[PDB]
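Chemist: Before I ask anything, here's the sequence and the deposited coordinates:
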Amino acid sequence: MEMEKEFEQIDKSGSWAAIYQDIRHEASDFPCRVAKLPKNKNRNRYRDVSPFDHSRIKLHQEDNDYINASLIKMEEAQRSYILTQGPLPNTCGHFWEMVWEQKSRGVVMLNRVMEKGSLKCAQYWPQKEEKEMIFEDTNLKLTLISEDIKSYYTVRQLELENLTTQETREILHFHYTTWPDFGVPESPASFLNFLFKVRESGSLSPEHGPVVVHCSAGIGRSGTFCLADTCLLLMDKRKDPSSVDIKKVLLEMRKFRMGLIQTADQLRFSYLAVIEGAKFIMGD
Ligand SMILES: [Mg+2]
């Protein structure tokens, strides 16, 4: 596998940091004027992580249309993703409104609500079956139906109800619960099993709206998920899989949301996930 030879050379030369900084230097920049409006200040978790105007998701209800979320539409791979920040206490209703309006089936979460005693994300879904959540601002109800706690991740079934129409929909919550407090997982095996489970559910298929992916900023861990899924699609689709250049794919994704992949170790981890996944899907 050509990508494996490249990985070995980068590892042997200790070049991960230099390659990562090259990506940062080459990354696109586009305006984010809506995100910077004063009325949206309290809708952004981090002042330096904003959606581009050209790719931002717009809310559809009769009120401010702004959410810190971006549509990443990968043309060659024929995949779309919504990457969003971890919801804030005051944006949980907006988050579920987005899920509803975009017709998503799956939400992918790659962090814990609290990590090393610091808040990373609001508790935007119910922890107990008998304590459903009502979002009065966007007129939505959310109930935990079932939970499957596995060794390295959890899959939940939720019921999201539009209280204005009484229509209900099933949402699958894919929660990777064991990403280390510092650095990346040592092996990508559980991350790949997680990705495969998301794929099998139909949450990434064209028959639904885009999967909604978040971490805390919605760019680092989130980026690894989208980058790995897209590169695996390209390797399986292209006539010559040795042409897949993860760096080029990442630069393409960064045209739709800034900052995807936030460290050199996340970059290395993405390559490692794509290599191991391709060995299983395509042959070793
Ligand atoms: Mg109970």
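Modeler: Yep, it's here. Numbering: from 1, shown residues only.

Chemist: Isn't residue 273 up against residue 189?
Modeler: No - using Cβ atoms under 8 Å, residue 273 is not in contact with residue 189, being 9.1 Å away. (C-beta placed from N, C-alpha, C; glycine too.)

Chemist: More neighbours: the two, which one.
Modeler: Set residue 273 next to residue 189 and count neighbours by other Cβ atoms under 10 Å: residue 273 wins out with 25 against 14.

Chemist: now the more buried one: how far from residue 196?
Modeler: Counting by Cβ to Cβ, to the nearest Å, the gap from residue 273 to residue 196 is 11 Å.

Chemist: and for these two, which residues touch both?
Modeler: Taking Cβ atoms under 8 Å, 6 or more residues apart in numbering as the contact rule, residue 273 and residue 196 touch no residue in common.

Chemist: buried set for stretch 91-111?
Modeler: Residues of stretch 91-111 classed as buried: 91-102, 104-111 (neighbour count, 16 or more other Cβ atoms under 10 Å).

Chemist: Grab the nearest non-local neighbour of residue 181.
Modeler: residue 116 (5.2 Å; Cβ to Cβ, 6 or more residues apart in numbering).

Chemist: Quick one: residues contacting residue 176.
Modeler: By Cβ under 8 Å, 6+ apart, the residues touching residue 176 are 108-110, 152-153, 190-191, 194.

Chemist: from the residues you listed, which ones fall inside strands?
Modeler: Judged by DSSP state E, the subset of the contacts of residue 176 located in strands is 108-109, 153.

Chemist: want to throw those into CSV with distance to residue 234?
Modeler: Below are the ones in strands among the contacts of residue 176 laid out as CSV (distance: Cβ to Cβ, whole Å):
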residue, distance to residue 234
108, 20
109, 25
153, 25
